Amino acid sequence: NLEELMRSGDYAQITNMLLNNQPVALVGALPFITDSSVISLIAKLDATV
Amino acid sequence: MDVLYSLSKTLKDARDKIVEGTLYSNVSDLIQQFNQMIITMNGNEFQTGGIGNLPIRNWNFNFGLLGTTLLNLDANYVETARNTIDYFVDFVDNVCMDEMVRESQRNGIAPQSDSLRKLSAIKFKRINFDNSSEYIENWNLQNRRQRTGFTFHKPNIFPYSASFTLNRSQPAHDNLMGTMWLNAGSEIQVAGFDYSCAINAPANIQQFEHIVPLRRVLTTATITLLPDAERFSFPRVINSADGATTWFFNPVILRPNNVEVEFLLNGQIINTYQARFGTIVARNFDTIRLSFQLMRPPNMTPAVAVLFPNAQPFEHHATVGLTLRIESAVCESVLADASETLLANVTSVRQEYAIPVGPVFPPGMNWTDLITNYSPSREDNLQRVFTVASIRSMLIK
Amino acid sequence: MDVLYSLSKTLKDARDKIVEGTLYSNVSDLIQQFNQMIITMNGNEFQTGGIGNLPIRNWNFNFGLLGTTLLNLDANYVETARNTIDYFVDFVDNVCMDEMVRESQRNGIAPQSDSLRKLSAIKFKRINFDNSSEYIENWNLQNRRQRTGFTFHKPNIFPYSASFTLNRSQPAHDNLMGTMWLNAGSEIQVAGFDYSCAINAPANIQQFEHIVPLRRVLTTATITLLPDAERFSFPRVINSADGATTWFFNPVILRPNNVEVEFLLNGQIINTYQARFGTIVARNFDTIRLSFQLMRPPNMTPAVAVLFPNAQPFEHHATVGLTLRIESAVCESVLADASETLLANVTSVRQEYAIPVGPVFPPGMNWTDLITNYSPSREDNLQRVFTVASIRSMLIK
Amino acid sequence: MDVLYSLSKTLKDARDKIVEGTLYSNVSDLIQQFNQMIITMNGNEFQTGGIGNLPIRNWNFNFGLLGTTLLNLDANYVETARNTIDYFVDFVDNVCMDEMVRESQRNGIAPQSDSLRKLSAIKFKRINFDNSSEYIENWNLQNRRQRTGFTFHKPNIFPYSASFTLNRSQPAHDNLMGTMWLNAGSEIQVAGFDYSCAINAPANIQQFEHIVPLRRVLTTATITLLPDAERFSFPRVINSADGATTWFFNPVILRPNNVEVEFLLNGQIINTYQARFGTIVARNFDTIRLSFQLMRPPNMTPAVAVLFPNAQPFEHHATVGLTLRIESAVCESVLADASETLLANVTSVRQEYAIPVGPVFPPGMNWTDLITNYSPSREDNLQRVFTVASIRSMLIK
Amino acid sequence: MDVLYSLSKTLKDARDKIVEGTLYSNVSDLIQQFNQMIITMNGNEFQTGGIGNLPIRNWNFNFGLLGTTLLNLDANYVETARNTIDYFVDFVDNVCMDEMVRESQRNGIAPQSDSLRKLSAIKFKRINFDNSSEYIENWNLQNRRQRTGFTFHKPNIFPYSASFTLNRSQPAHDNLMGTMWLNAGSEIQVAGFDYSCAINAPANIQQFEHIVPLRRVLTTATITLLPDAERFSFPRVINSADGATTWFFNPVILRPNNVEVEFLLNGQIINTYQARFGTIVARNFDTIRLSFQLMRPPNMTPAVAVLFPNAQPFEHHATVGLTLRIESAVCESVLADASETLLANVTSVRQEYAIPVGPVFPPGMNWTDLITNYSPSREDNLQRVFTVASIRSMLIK
Ligand SMILES: [Zn+2]
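Chains B, D, C, E and N supply the protein sequences, listed in that same order. PDB author numbering numbers the first residue of the first sequence as 736 and each following residue consecutively. PDB author numbering numbers the first residue of the second sequence as 1 and each following residue consecutively. PDB author numbering numbers the first residue of the third sequence as 1 and each following residue consecutively. PDB author numbering numbers the first residue of the fourth sequence as 1 and each following residue consecutively. PDB author numbering numbers the first residue of the fifth sequence as 1 and each following residue consecutively.
Here is the structure:
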């Protein structure tokens with residue numbers, strides 16, 4: 736949960752699961768970005784944010 | 001191995017300290033340990049079982065941390081932690097049963113199961129917690145070559161043995177001499193007999209002796225010595241040495257004369273006691289040497305003098321015996337005793353899942369066959385399995 | 001009940017950790033527990049006693065908090081805390097004696113005294129501390145329906161019984177057959193006899209059997225088996241079945257032939273052992289079935305052959321016996337044993353204050369009468385009283 | 001004395017909690033204790049040994065503090081602390097052996113060695129840590145005159161004694177009456193006999209009695225009572241009272257009639273039990289009074305009636321016996337028992353270093369001679385030495 | 001298990017309360033429950049059946065919510081809800097038949113089918129509704145260890161038994177004495193007979209007795225007692241004990257003299273009734289002890305005196321009997337009775353789908369074989385299956 740993560744302040748797992756490449760699903764209500772480019776898909780953009 | 005004890009120590013404390021209504025400062029340092037278990041264990045996957053009828057299970061850890069923000073713990077905080085503890089405590093049962101069931105002959109002190117070999121990486125070393133139990137403290141002192149010690153109450157140091165020895169015999173079996181004994185558990189009952197009652201012995205004294213060697217060296221024992229063997233006191237019929245015929249033994253019992261008990265170590269007399277019954281000590285020994293003798297009484301009332309004639313028909317046979325019993329001692333290798341149930345947990349797992357006979361242990365985990373030939377290859381396996389059985393006893397009785 | 005253990009745990013630790021000269025960081029978390037006891041307990045008032053000769057006392061709590069500002073504790077800080085601990089430790093004695101003395105028949109697992117019913121409110125739940133003892137851990141696992149277990153050293157599982165059975169008899173009592181036994185504590189000594197020594201039996205073999213049912217199911221026992229009953233080995237005179245006449249029994253003792261010990265569970269054979277003496281295990285059982293037989297020896301020396309004629313006057317009677325002994329086992333209900341003194345604390349309170357016989361327990365707390373009819377209504381009362389007796393043993397020996 | 005336990009408690013915890021890879025918050029309060037040991041102990045110098053063959057060693061403390069800045073402990077932090085612990089744990093061994101070996105007669109409860117007198121200053125009182133063991137808790141409660149208690153398993157309360165008493169005798173020794181007994185450890189086996197089998201007694205009943213006084217008052221005992229003395233059941237020959245002649249004893253055994261066991265305290269009957277065998281309790285007593293009687297059976301089959309004639313030749317002598325055994329009890333003074341090895345650690349130090357016989361203890365630390373004359377001057381020495389032996393057992397097994 | 005009852009409770013109420021034309025405020029709180037069922041159940045998938053001839057079906061839930069906007073419900077709103085209820089009520093039938101058919105021996109109180117193990121997650125706990133039935137209330141009180149109770153009308157507490165006992169017999173079978181009985185269902189008919197009609201008995205009175213032990217403890221029973229056994233009143237021929245020969249029994253019937261009925265609990269007399277027929281109560285018992293005696297009438301008319309001679313040919317045999325019948329009682333374990341059909345629903349599922357004999361229940365679900373050996377392992381299975389059979393009876397009769 737992104738909200739309970741935000742209220743607690745102590746992360747300690749989102750740091751670990753991201754540094755050591757762990758599979759994860761972040762439940763939230765984010766806004767997104769649309770993208771219409773094959774060059775931006777080959778360039779591996781979605782894993783850099 | 002050190003991190004398998006550290007998983008069970010903080011799951012035992014998590015069911016005891018995380019209760020409803022308790023103050024947060026009572027559990028403020030356990031939760032920092034329990035959260036740091038979970039961070040190390042996530043993302044990994046394990047596999048236990050496969051031998052005998054022990055089923056194959058797969059383990060996978062994806063859990064969330066505990067909250068660190070309450071003042072008094074409530075029923076939401078307890079019930080969200082019990083459904084995490086109950087998955088770990090099921091994992092530790094199936095790793096401990098996977099290790100008590102396996103054995104090796106080259107180096108038995110190494111881990112044998114697939115899961116315990118994987119827990120011995122430096123990734124999992126941060127789960128390490130205090131090592132305060134008796135078996136995990138002696139696991140660490142002995143791993144650095146320092147002196148260890150286990151304290152026992154009535155240790156099973158003697159294998160079962162019940163036999164005799166005839167120093168004088170004939171096929172009629174009516175004029176005999178020798179000793180009889182029972183060595184079982186932690187108790188020795190020896191009894192010497194003489195049918196003629198020393199009528200032709202020099203100075204009417206017959207000498208007896210019985211020497212019991214041990215398998216391991218005991219230290220600071222408390223021993224009770226009583227001057228009667230109550231088991232070899234009644235009339236019985238006994239077979240011969242090769243099972244051919246039977247012979248009759250009708251005892252009357254005198255008191256043991258000139259008793260000397262010696263406690264040897266590499267042939268050196270450490271302790272000795274001469275006509276001193278009751279409780280005695282024995283600081284360091286590995287061989288017990290009992291010595292006692294029969295003396296014909298020089299003065300006899302008319303009711304006694306009919307029992308012991310000069311001629312051949314002896315209907316009442318003289319008997320002199322002792323009784324020794326070890327109450328508590330300190331050994332350095334693992335053994336079995338009368339207080340703790342570590343031998344019973346090992347055999348009950350092997351009998352339940354129909355485990356085949358391996359290369360090291362006797363068939364059926366027979367303790368009489370295991371202490372008889374107690375090789376250093378069996379000692380390293382027996383310590384490795386009693387220590388895992390001690391870890392499992394904290395969580396699951 | 002959970003908060004009665006939590007009062008005694010932090011009064012035991014308060015006499016141990018709050019000593020003179022100690023560093024403040026050693027006791028920095030105990031004082032936060034001990035101050036939070038006092039805040040909950042102030043303003044309340046209690047009343048204990050009233051049954052038998054147990055006197056009525058009134059309790060009232062108005063105390064002040066402890067200081068949290070020193071670096072090393074001094075003699076002012078110790079002596080101002082000892083006169084607060086000594087009032088609480090007198091309160092817990094009179095609540096524990098008020099609960100060990102009362103009993104109910106409908107639901108015995110509920111609290112019965114007036115003070116312990118009042119401590120079971122949600123106001124008093126913040127006094128709750130860790131639950132690490134054996135009896136308070138099994139109080140909580142069994143309250144959620146999870147599997148428990150108590151570890152015993154020589155458990156009193158057998159009621160006292162000493163009797164016999166005659167499978168062949170006549171009013172002269174000179175040609176008999178049957179078994180004799182003693183079941184007492186944790187030890188079985190059975191012995192079978194035959195006066196004719198199987199002179200007319202088919203293949204000169206006489207079969208014996210003795211079946212002992214248990215009251216509760218034992219788990220992972222360590223059992224010692226020895227091939228002689230030393231109690232039924234000497235000549236004695238025994239009364240008849242209805243106390244009319246007496247009969248004489250003069251034994252000689254052969255060895256037991258073809259011994260089979262079986263360990264049953266709902267009529268299913270869990271374990272079996274055939275001519276295997278010494279130490280054995282028994283993983284799960286509730287019925288012990290001993291089987292052994294007498295065989296006439298086919299070859300006899302002239303000293304033996306006079307003992308067993310073909311005609312009627314039999315002056316030397318054949319005897320075959322066994323001996324079984326449970327060293328340690330794990331049960332699920334509470335029992336008595338040889339190591340801990342929880343039964344002795346319960347009876348000593350009832351005998352001292354002249355307590356009348358209630359509806360559940362036998363008169364005088366007779367353990368032979370209580371394990372004979374060990375109903376589920378008596379099991380819930382006996383666990384509730386042994387657990388209170390375990391709490392009182394931490395403070396007052 | 002209180003600071004000698006406090007040195008050993010935080011050296012035991014330092015080898016258990018300071019391990020490789022552990023989190024720093026697990027050991028954050030131990031290091032504040034261990035650093036504050038070192039600050040107090042630096043600059044001082046000590047001297048142990050000197051009596052017997054115990055060598056003289058000089059001790060000098062100049063060490064540095066431990067680091068308080070890591071997050072997880074590494075192998076540099078462990079290996080720099082092990083070479084500080086190993087010097088302190090060698091110091092505590094030689095202070096504990098210096099104190100178990102010395103004794104005084106005026107005030108034995110005071111420290112006797114040179115090092116333990118120096119540790120009893122107010123400079124060293126800041127090393128004081130929690131006092132949670134059994135012997136150090138009873139050291140402090142008894143030092144303020146509060147009630148203490150030690151829990152034992154089979155306590156050695158009876159000195160060794162094996163003798164008899166003849167209430168009717170003649171120089172032929174063929175018509176006798178009296179009792180025989182064995183008192184050893186925690187077990188009483190008394191047996192009364194009568195050769196005439198009450199043929200001329202009034203109402204054919206012969207009364208027996210055996211009274212055993214204790215040395216210290218026991219509390220809440222669990223006692224097993226069985227109606228046979230198995231040791232006085234076989235034929236034997238016994239010397240006379242002054243060792244002049246020998247006399248013969250050929251028993252047959254009836255059951256004990258009208259058994260009454262009483263538990264006295266200052267001549268007042270606390271408990272009583274009438275024909276009730278099995279397990280019994282005894283809440284407070286210091287004298288056991290056994291009473292039992294022989295009754296001639298009024299109806300006898302022809303096999304029994306030949307044994308007991310009216311005339312003088314009695315070839316089969318009647319015998320009635322009992323058996324008592326204390327399983328566990330609570331005393332207030334220190335004793336020896338079957339579970340713990342505190343007596344064995346004291347004698348093994350004195351035997352190893354060839355220590356001369358002092359003014360208080362018996363030669364060779366004979367427990368039969370020490371419980372026979374158990375003076376209050378020996379009680380204060382025996383508690384002071386068992387408590388030091390309990391401190392040494394934490395570090396060095 | 002708790003959520004399986006909660007599915008069936010709000011499908012029963014949905015077919016009853018959602019009718020055509022009803023006001024919306026009558027069903028305003030049911031629709032909030034029924035919509036919140038659907039939200040939890042969507043997206044999941046299940047699988048039932050597989051054992052015996054029970055077919056395998058797959059379940060998948062993708063439904064839409066109900067409308068919450070009408071004032072009176074119309075035929076569109078009913079017919080769009082009936083085609084959702086009819087899919088759920090078919091799902092609950094196949095989960096209840098999947099659970100009544102399976103059994104385990106280790107822990108039978110746990111769910112055994114694949115679907116009911118999946119419903120026991122915390123995701124499905126929000127479907128939980130009120131628990132007001134008798135079996136689901138006793139499922140929850142007994143799961144927390146509180147006292148429960150089931151109310152029965154004529155409970156099947158006695159296994160079927162019809163036999164006799166001869167206290168006096170000879171191979172001619174013409175002078176006999178003893179009792180006959182029938183124990184079946186909830187009724188005891190015992191009858192004692194004597195062929196000589198007490199012509200040589202002391203004071204012409206013959207004593208009879210019949211003791212019936214129960215399997216479980218009954219509470220607050222209503223019992224009818226009538227002074228005649230109508231089943232043992234006519235002439236019949238009966239086989240011998242070993243089936244060798246047959247013997248004849250021609251009764252005449254006197255009235256029972258001196259009737260005493262006792263109601264025991266652990267050997268203690270709870271209730272007693274002396275010559276009191278009709279309806280009686282029994283508050284707490286587990287053993288019924290009937291006692292009655294035959295008395296020869298001292299005065300006889302000439303038509304009676306011919307029936308009972310002094311010599312040997314007895315053509316009219318005396319008979320005295322009783323009759324007991326339990327109308328209603330309260331037990332704590334589950335049983336069978338004469339009012340409800342929970343035993344008939346369990347056996348009809350197993351017989352229909354040809355289910356093999358498992359490890360726990362008798363072959364064919366024989367109630368005489370199941371109440372004879374009514375072990376605690378069978379009690380936990382029998383409660384788990386009667387409770388599932390009670391849930392299925394709400395939806396499908
Ligand atoms: Zn013991």
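Beta carbons are placed, not taken as given, at the ideal position from N, Cα and C, and that holds for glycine.
Beta-bridge partners assigned by DSSP to C/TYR195: none are found. In the DSSP secondary-structure assignment, D/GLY321 is bridged to D/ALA191.
Two segments are said to touch when three or more pairs of C-beta atoms, one from each, lie closer than 8 Å; by this definition the region 204 to 223 of chain E touches the region 177 to 189 of chain E. For the region 98 to 119 of chain C, the set of positions with a beta-carbon nearer than 7 Å to some beta-carbon of chain N reads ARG106, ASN107, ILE109 in chain order.
Residue pairing from DSSP leaves N/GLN142 without any beta-bridge partner. In the three-state DSSP reduction, E/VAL306 falls in the coil class, being neither helix nor strand.
In this structure, ligand 1 has a non-hydrogen atom nearer than 7 Å to the beta-carbon of E/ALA338. The C-beta of C/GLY67 comes no closer than 8 Å to any C-beta of chain D.
Using a CB distance cut-off of 8 Å, C/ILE51 does not count as an interface residue toward chain D.
Taking 7 Å as the cut-off, the C-beta of D/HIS153 counts as close to a heavy atom of ligand 1.
Listed in chain order, the positions of the region 218 to 239 of chain E with a beta carbon within less than 7 Å of a beta carbon of chain D are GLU230, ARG231, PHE234, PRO235, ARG236, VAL237.
Straight through space, the alpha carbons of D/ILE56 and E/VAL27 are spaced by roughly 39 Å.
Contact between the region 770 to 778 of chain B and the region 112 to 132 of chain D is absent: fewer than three C-beta pairs spanning the two stretches fall below 8 Å.
Using a Cβ distance threshold of 8 Å, N/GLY108 and N/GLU332 do not count as a contacting pair. Classified as buried, E/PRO235 has 16 or more neighbouring CB atoms from the shown chains inside 10 Å of its CB. Across the structure, N/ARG216 and N/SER375 are spaced so that their CA atoms are roughly 11 Å apart.
Three or more beta-carbon pairs separated by less than 8 Å link the region 66 to 81 of chain E to the region 11 to 29 of chain E, which places the two stretches in contact.
Annotation for C/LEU66: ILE31, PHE34, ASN35, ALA81 place their beta carbon closer than 7 Å to its own, counting only its chain and skipping 5 residues before and after.
At a cut-off of 8 Å, the C-beta of N/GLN146 has a neighbouring C-beta in chain C. Taking one beta carbon from each stretch, the region 249 to 256 of chain C and the region 356 to 375 of chain N have fewer than 3 pairs nearer than 8 Å; the two do not touch. Contact note: C/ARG126 reaches chain D through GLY21, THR22, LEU23, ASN72, using a C-beta cutoff of 8 Å and chain order. Residue-level contact by beta carbon holds for E/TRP367 and chain D, with a gap shorter than 8 Å. Taking all protein chains shown into account, D/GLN268 has fewer than 16 neighbouring C-beta atoms within 10 Å of its C-beta and is therefore exposed. Under the 8 Å Cβ criterion, the region 142 to 157 of chain C counts as touching the region 324 to 340 of chain C, having at least three qualifying pairs. Within the region 328 to 340 of chain C, the residues whose Cβ lies closer than 8 Å to any Cβ of chain E are, in chain order, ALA336, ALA338, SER339, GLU340. In the three-state reduction of the DSSP assignment, C/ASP174 falls in the coil class.
As the crow flies, the alpha-carbon of E/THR224 is around 13 Å from that of C/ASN366. Taking 8 Å as the cut-off between beta carbons, the residues of the region 252 to 272 of chain C near chain D are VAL252, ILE253, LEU254, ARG255, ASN271, in sequence order.
Contact check between the region 304 to 320 of chain E and the region 314 to 326 of chain D: fewer than three CB pairs, one atom from each, fall below 8 Å, which does not count as touching.
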